[PDB]
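A lone chain, given as structure tokens: the form deposited in one PDB entry.
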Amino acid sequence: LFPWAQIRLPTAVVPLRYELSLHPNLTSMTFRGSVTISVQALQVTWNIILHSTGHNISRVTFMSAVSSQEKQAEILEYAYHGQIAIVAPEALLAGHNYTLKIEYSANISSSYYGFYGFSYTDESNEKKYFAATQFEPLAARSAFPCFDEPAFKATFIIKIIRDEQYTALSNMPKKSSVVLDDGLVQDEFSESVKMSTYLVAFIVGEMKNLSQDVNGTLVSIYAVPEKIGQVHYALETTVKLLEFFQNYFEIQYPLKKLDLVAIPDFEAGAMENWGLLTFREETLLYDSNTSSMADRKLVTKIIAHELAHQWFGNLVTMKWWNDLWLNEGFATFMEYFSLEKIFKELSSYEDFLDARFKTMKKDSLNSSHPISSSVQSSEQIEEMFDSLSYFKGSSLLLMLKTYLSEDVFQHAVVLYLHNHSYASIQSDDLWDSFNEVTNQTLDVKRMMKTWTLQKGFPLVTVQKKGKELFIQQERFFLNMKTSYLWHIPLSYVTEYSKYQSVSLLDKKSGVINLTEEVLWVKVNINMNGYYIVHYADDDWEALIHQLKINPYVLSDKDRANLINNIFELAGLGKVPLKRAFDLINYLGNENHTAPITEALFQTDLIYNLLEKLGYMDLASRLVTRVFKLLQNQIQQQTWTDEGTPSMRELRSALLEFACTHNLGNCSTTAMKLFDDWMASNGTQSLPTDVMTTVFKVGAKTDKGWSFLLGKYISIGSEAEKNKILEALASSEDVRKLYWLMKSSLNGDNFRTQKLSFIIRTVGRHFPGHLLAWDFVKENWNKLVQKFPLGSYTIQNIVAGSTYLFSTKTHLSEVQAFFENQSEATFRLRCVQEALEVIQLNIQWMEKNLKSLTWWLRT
């Protein structure tokens, strides 16, 4: 009988110091290692419980400090929790330090999880090799036996045997690299600071570097030698942010080195490893002449995310996986917060607003879950890794920073990162630190627990009867045919004099007292609060009018929030749909990107749901109306890569609109630009902001489609290829659309990683709509082999082939598919939320279809 029968490690023995010596071969994908773990007991036990998986233990030696001699001990295993147990020869007593040394043999991983390894092809067709480490959930126990929980912090000394050609890196700077008589170099790195096991990292690969010292901190970027020229934007950005976060958090970067590694595999780990920040190669390559604005924003945000964890998440770690939404939600917040003070040109607020629009649509579903849950299973650990929970957490932290001051927010974080530095905590302690810096006036820990321990988000109903604005609270329930209260930080803007105040609604009913009689009111300023506002019939119609007469009294964030709200409220039936189109009838006087892109989002969802239902004529009258609303804005656009970054995205949105629907000249301007490019054999430049639009119009011909296929299988840019791939799947030849999906699943010409992108693109248009869902049904077993159930890929594939069905016939068809597979498969959240969105599409027609046949075509 194993001495421990729980998923969490015992709170008895605690690690203090790790010595890890490893000999990785990479050619064999087998490594040998020894670990020396200096532990202390705070309680008395005869058995030491710790983690290890897939290790051939050769010897385990126990030792006390009262001897210089090693003692034998027996070792047991319980692989269901990955736990190993060392029975003790001496009853470990309280306070007393002991030392365990384990020798083992193991394989290098091929699953890109744990100590992984792979092969790649260089500038010549040379098989160069590479190894790296991804442990973020529970894979540190696969490389070496340890206490694999984030609370059990310790210091680490990493020692690895390499071959002279291969550079070896880890978390800490390197101390002793000595040559051995075998012909092999052994590197030893400095002893770590107190860090968690999931953040340890070590990498053995043939790389070069583009380093730069600042303030004793040597920021360095490592990549495969053929790609060092394209890492210059990353280093210039990694330095402006390491300055910013240091002076924001008011703590210095703890370590001496900051290494950023671009791993040369597409299935690589991108974790916030302390010192050794791992990324994918395409995530860090940028060129100021060939890459896009959206290619610039992605690199500028992925560095900021992983840099923010070097304070929040590695210096001060969370104790368990129940609070991973807080660590990753803070960094997702720090992405958009750092890139608005020092990278304000990129207009990153337009990205956070769209990400918060989409987070609210999938949190509104009844299949959503409270972010704070109980994690007592390993599947529950590996289901805390949801991008929705990370973006809802950033949405709550935005609401906290706006309700409090920006400065009150920082003072809490600086004090929290000082009090709990080099240790582990829980989510309530951050809320406690807010309550200290607010001088115990308001309770943030109660205010947040209404959002963390609860599902969904509120619907705040508003009715201004004079100078009294009546506010009411409800859950955004979508079934439109228990929950509790939220401490909702309210905000409003009224008006020729402008007002701006902040309140707090802690009841189901409330009234805010206005200082004047006003003509229009807008609640949730810039949608900084995680709620939807339903105004009354008169109150909505005031805002619809003030958008006709000077819409720019509100911000672009606020005008986008109204378009999003009135269209989502109309789908539930709370608003007639003719009121949402009255609201967007102001768009002839709109010049900002964020209200136009969201209005084009809502109309495209209506177009595509109506197109799959067969009401093609009504769908064209919808897009020929938004075109007439946006006709001057579209015709004023230039087919270039010039302007502000926000204006460089309105061009890509409006030209993709006019070309997909063949409205105006767009298609003949793109086809001329395509034909010149096709006839330059791909050597002519296309402006990046019109590149995908040009590729799609040309891919509608057998000639131009076959040219693009040869450019994908040859050319080097895995960003220009993914605009080619989208265009190839925008064909209307069903035979081509089936051949693309068949090829990716079998790994011919395209990679199996890109299959989620192909099925999503084939199924969103009419010629491949039924073809995509049929491919998912008839290749399901092979899909669940190549992507396990509950993966993000299997969720994206199911949603991307199903979210446009709007008939009860289709709802029964999709239900009867998954029921006649497994009860397990029928209870996955991918298939329950999918059958839920078909019902909301079924009812969207029941509440808005026959009315649309009236005002359109009249």
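Start at 1 and count along the sequence shown; that's the residue number.
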Inset, instruction - Check whether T482 has no coordinates in at least a third of the other compared PDB entries of this protein, counting only entries that model residues on both sides of it. - result: yes
Inset, instruction - Please confirm whether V35, modelled here, goes without coordinates in at least one third of the other compared entries that cover both its neighbours. - result: no
Inset, instruction - Answer with none, 1 to 3, 4 to 9, or 10 or more: how many deposited residues between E495 and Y496 are not present in the coordinates. - result: 1 to 3
Legend entry - Chain break class at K256/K257 - deposited residues not modelled: none
Inset, instruction - Identify the stretch, either 284-292 or 559-567, whose C-alpha atoms have the larger mean B-factor according to the entry. - result: 284-292
Inset, instruction - Averaging only over Cα atoms, indicate whether 547-555 or 181-189 has the higher B-factor in the PDB entry. - result: 181-189
Legend entry - Selection by C-alpha B-factor (highest) of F757, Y422, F581, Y104: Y104
Legend entry - Per the PDB entry, maximal CA B factor within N209, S743, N273, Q246: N209
Legend entry - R17 - Cα temperature factor, lowest/middle/highest third of chain: middle
Legend entry - Modelled-residue ranking by C-alpha temperature factor, third containing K847: lowest
Inset, instruction - Taking the values exactly as deposited, rank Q839 by C-alpha B-factor within its chain and report the matching third: lowest, middle or highest. - result: middle
Inset, instruction - Going by the recorded CA B-factors, say which third of the chain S667 sits in, lowest, middle or highest. - result: middle
Legend entry - Modelled-residue ranking by C-alpha temperature factor, third containing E732: lowest
